[PDB]
Structures are given as C-alpha cells and as structure tokens.
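J.: Structure file start_19.cif (mmCIF, C-alpha atoms) right here:
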data_work
loop_
_atom_site.group_PDB
_atom_site.id
_atom_site.type_symbol
_atom_site.label_atom_id
_atom_site.label_comp_id
_atom_site.auth_asym_id
_atom_site.auth_seq_id
_atom_site.Cartn_x
_atom_site.Cartn_y
_atom_site.Cartn_z
ATOM 1 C CA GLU A 410 141.841 17.725 223.630
ATOM 2 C CA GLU A 411 141.512 16.178 220.186
ATOM 3 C CA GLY A 412 144.029 14.817 217.716
ATOM 4 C CA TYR A 413 144.691 15.673 214.084
ATOM 5 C CA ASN A 414 146.866 14.068 211.485
ATOM 6 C CA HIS A 415 149.315 15.025 208.749
ATOM 7 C CA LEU A 416 150.624 12.648 206.093
ATOM 8 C CA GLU A 417 153.628 13.552 203.955
ATOM 9 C CA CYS A 418 155.278 11.397 201.293
ATOM 10 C CA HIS A 419 158.129 11.926 198.869
ATOM 11 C CA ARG A 420 159.943 9.537 196.557
ATOM 12 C CA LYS A 421 163.566 9.594 195.402
ATOM 13 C CA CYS A 422 165.454 7.414 192.921
ATOM 14 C CA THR A 423 169.238 6.972 192.770
ATOM 15 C CA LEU A 424 171.146 5.700 189.688
ATOM 16 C CA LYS A 425 167.788 4.557 188.160
ATOM 17 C CA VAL A 426 167.647 1.547 190.551
ATOM 18 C CA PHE A 427 167.079 1.764 194.346
ATOM 19 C CA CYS A 428 163.848 3.725 194.661
ATOM 20 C CA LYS A 429 163.365 5.234 198.120
ATOM 21 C CA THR A 430 159.940 6.212 199.459
ATOM 22 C CA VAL A 431 159.417 7.633 202.949
ATOM 23 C CA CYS A 432 155.896 8.120 204.343
ATOM 24 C CA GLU A 433 155.727 10.247 207.495
ATOM 25 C CA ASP A 434 152.528 10.530 209.561
ATOM 26 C CA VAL A 435 152.515 13.065 212.412
ATOM 27 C CA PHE A 436 149.808 13.006 215.097
ATOM 28 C CA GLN A 437 149.416 16.237 217.071
ATOM 29 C CA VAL A 438 147.085 17.294 219.884
ATOM 30 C CA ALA A 439 144.771 20.305 219.552
ATOM 31 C CA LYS A 440 143.517 21.887 222.774
ATOM 32 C CA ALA A 441 140.548 24.089 223.640
ATOM 33 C CA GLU A 442 139.172 25.727 226.775
ATOM 34 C CA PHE A 443 135.437 25.559 227.399
ATOM 35 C CA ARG A 444 133.323 27.350 229.996
ATOM 36 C CA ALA A 445 129.801 26.058 230.591
ATOM 37 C CA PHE A 446 127.276 28.432 232.143
ATOM 38 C CA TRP A 447 123.735 28.044 233.383
ATOM 39 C CA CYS A 448 120.820 30.430 233.930
ATOM 40 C CA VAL A 449 118.884 30.916 237.180
ATOM 41 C CA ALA A 450 115.654 32.806 237.900
ATOM 42 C CA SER A 451 116.976 35.742 239.932
ATOM 43 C CA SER A 452 114.367 38.421 239.124
ATOM 44 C CA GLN A 453 111.443 36.444 240.691
ATOM 45 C CA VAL A 454 108.918 37.661 238.080
ATOM 46 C CA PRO A 455 108.890 35.603 234.872
ATOM 47 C CA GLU A 456 105.930 35.452 232.519
ATOM 48 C CA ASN A 457 106.669 31.898 231.374
ATOM 49 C CA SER A 458 109.620 29.844 232.582
ATOM 50 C CA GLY A 459 110.935 28.400 229.343
ATOM 51 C CA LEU A 460 112.413 25.140 228.081
ATOM 52 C CA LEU A 461 110.307 22.648 230.019
ATOM 53 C CA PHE A 462 112.562 19.607 230.440
ATOM 54 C CA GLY A 463 115.581 18.832 232.569
ATOM 55 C CA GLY A 464 116.715 15.325 231.635
ATOM 56 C CA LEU A 465 120.140 14.469 230.291
ATOM 57 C CA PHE A 466 122.041 11.783 228.437
ATOM 58 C CA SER A 467 125.752 11.389 227.795
ATOM 59 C CA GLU B 410 187.437 4.840 183.108
ATOM 60 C CA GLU B 411 187.620 7.071 186.166
ATOM 61 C CA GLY B 412 185.273 7.674 189.067
ATOM 62 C CA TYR B 413 183.731 10.860 190.423
ATOM 63 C CA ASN B 414 181.756 11.566 193.531
ATOM 64 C CA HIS B 415 178.682 13.488 194.648
ATOM 65 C CA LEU B 416 177.751 14.160 198.267
ATOM 66 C CA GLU B 417 174.282 15.386 199.210
ATOM 67 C CA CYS B 418 172.962 16.055 202.711
ATOM 68 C CA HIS B 419 169.705 17.392 204.088
ATOM 69 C CA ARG B 420 168.369 17.612 207.625
ATOM 70 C CA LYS B 421 164.776 17.434 208.852
ATOM 71 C CA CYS B 422 163.274 17.869 212.321
ATOM 72 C CA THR B 423 159.869 16.578 213.454
ATOM 73 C CA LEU B 424 157.950 17.922 216.498
ATOM 74 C CA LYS B 425 161.165 19.727 217.648
ATOM 75 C CA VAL B 426 162.691 16.399 218.829
ATOM 76 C CA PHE B 427 163.830 13.548 216.519
ATOM 77 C CA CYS B 428 166.263 15.230 214.145
ATOM 78 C CA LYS B 429 166.848 13.229 210.962
ATOM 79 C CA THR B 430 169.961 13.672 208.818
ATOM 80 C CA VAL B 431 170.617 11.616 205.685
ATOM 81 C CA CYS B 432 173.986 11.817 203.898
ATOM 82 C CA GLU B 433 174.027 10.256 200.427
ATOM 83 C CA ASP B 434 177.281 9.703 198.508
ATOM 84 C CA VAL B 435 176.991 8.530 194.890
ATOM 85 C CA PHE B 436 180.011 7.149 193.011
ATOM 86 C CA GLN B 437 179.693 7.145 189.219
ATOM 87 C CA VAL B 438 182.026 6.058 186.419
ATOM 88 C CA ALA B 439 183.152 8.470 183.692
ATOM 89 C CA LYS B 440 184.389 6.945 180.435
ATOM 90 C CA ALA B 441 186.599 8.201 177.616
ATOM 91 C CA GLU B 442 187.916 6.813 174.339
ATOM 92 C CA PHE B 443 191.555 7.413 173.465
ATOM 93 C CA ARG B 444 193.412 6.775 170.215
ATOM 94 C CA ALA B 445 197.210 6.809 170.324
ATOM 95 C CA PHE B 446 199.074 7.438 167.075
ATOM 96 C CA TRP B 447 202.715 7.366 166.090
ATOM 97 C CA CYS B 448 204.758 8.953 163.298
ATOM 98 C CA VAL B 449 206.985 7.113 160.809
ATOM 99 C CA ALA B 450 209.513 8.428 158.278
ATOM 100 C CA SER B 451 207.706 7.692 155.008
ATOM 101 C CA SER B 452 209.127 10.437 152.753
ATOM 102 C CA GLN B 453 212.761 9.160 153.018
ATOM 103 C CA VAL B 454 214.251 12.688 152.950
ATOM 104 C CA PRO B 455 214.361 14.391 156.358
ATOM 105 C CA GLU B 456 216.740 17.211 157.202
ATOM 106 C CA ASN B 457 216.988 16.270 160.882
ATOM 107 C CA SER B 458 215.120 13.375 162.468
ATOM 108 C CA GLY B 459 213.778 14.960 165.629
ATOM 109 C CA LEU B 460 213.223 14.015 169.264
ATOM 110 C CA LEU B 461 216.330 11.930 169.902
ATOM 111 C CA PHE B 462 215.284 9.449 172.597
ATOM 112 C CA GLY B 463 213.107 6.367 172.648
ATOM 113 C CA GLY B 464 213.010 5.147 176.248
ATOM 114 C CA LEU B 465 209.859 4.764 178.295
ATOM 115 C CA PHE B 466 208.619 4.440 181.848
ATOM 116 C CA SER B 467 205.180 3.601 183.191
#
Since I need it in another form, could you write the structure as structure tokens?

T.:
Amino acid sequence: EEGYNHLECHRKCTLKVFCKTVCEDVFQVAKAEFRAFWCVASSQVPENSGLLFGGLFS
Amino acid sequence: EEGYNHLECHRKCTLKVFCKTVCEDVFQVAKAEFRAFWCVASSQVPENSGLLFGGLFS
C-alpha cells in the first residue's frame, strides 16, 4: 500500500467583498499485489551456477 | 429602493462519505428615480375641467 495526494482549490467572491477560498486535499491509498519467486537447481546439470552472492540488506 | 433575492446551491461529495452542501442567498438593492408631475389650468379657457375628485389615501 502507498498513498497519493490530490489538491483542489477554487475561489469565489460575493458582492465584491467577502472572498471565499476553499483548499481541499484528499489522501487516498493505492494497493498492489506482489508475488516473489525464487529459482532452484532442479536439473542437476548446470555448466556454471550463476550470480555468486547471497547476502541481503533491508 | 427595493430588494431582490438570489439563491444558489451546489452539493459535493468526497470519498463517498462527507457530503457537503452550501446554500448561498444574496440580497441586493435595486434603485429607481421617480419624478411626479401635476397639471395646472394655465390657458384659462377649459370646456370641462376633468377628473372631479381630489382626495387621497396612502
């Protein structure tokens, strides 16, 4: 989930005095499904393994 | 001077909850000049005078 933001403004004047300005700011939530996969040597005959490191950081 | 009246309304909904309705009612003043005249026998020879009453009410 992440959030995004709209910002809408309009201005209105009445009898040349009394200026009204409203500023609306809507915050909505955008969702997304992810599916993480991972490869395993299941054919038992590789030439070279590939991608020689396995350390992580968050 | 007399007064006249406008009435404006619009409705707005945000995120399907929180319905906003504003109802504005403007009262303005309309002006007018009047000039009241009155006729006088200045030729001294009428046949008949005309309009035989002179009483008023407000």

J.: Between atom CA of residue B:437 and atom CA of residue B:410, measure the distance and give it in Å to one decimal.

T.: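 Separation of atom CA of residue B:437 and atom CA of residue B:410: 10.1 Å.
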
J.: Once the PyMOL selection byres ((chain A) within 9 of (chain B)) has been evaluated on this model, what residues remain selected, and can you format them as an MDAnalysis selection string?

T.: chainID A and resid 423:424 435 437

J.: Suppose you want the space between atom CA of residue B:459 and atom CA of residue B:443; what is it in Å?

T.: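 Distance reported for this atom pair: 24.7 Å.
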
J.: Record the distance separating atom CA of residue B:445 and atom CA of residue B:413, expressed in Å with one decimal.

T.: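 Here the two named atoms are 24.5 Å from each other.
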
J.: Evaluate the PyMOL selection byres ((chain B and resi 431) around 6) against this structure - the residues, as JSON, numbers by chain, please.

T.: {"B": [418, 430, 432]}

J.: With the file shown as input, list the residues that the PyMOL selection byres ((chain B and resi 416) around 6) selects, as a ChimeraX atom specification.

T.: /B:415,417,433-434

J.: For C-alpha atoms, I'd like the residues from the last selection saved as a PDB file, keeping the file's coordinate frame.

T.:
ATOM      1  CA  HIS B 415     178.682  13.488 194.648  1.00  0.00           C
ATOM      2  CA  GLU B 417     174.282  15.386 199.210  1.00  0.00           C
ATOM      3  CA  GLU B 433     174.027  10.256 200.427  1.00  0.00           C
ATOM      4  CA  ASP B 434     177.281   9.703 198.508  1.00  0.00           C
TER       5      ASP B 434
END

J.: Can you work out which one of B:419, B:425, B:411, B:463 has the shortest atom-to-atom distance to residue B:440, counting only C-alpha atoms?

T.: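 Closest candidate: B:411.
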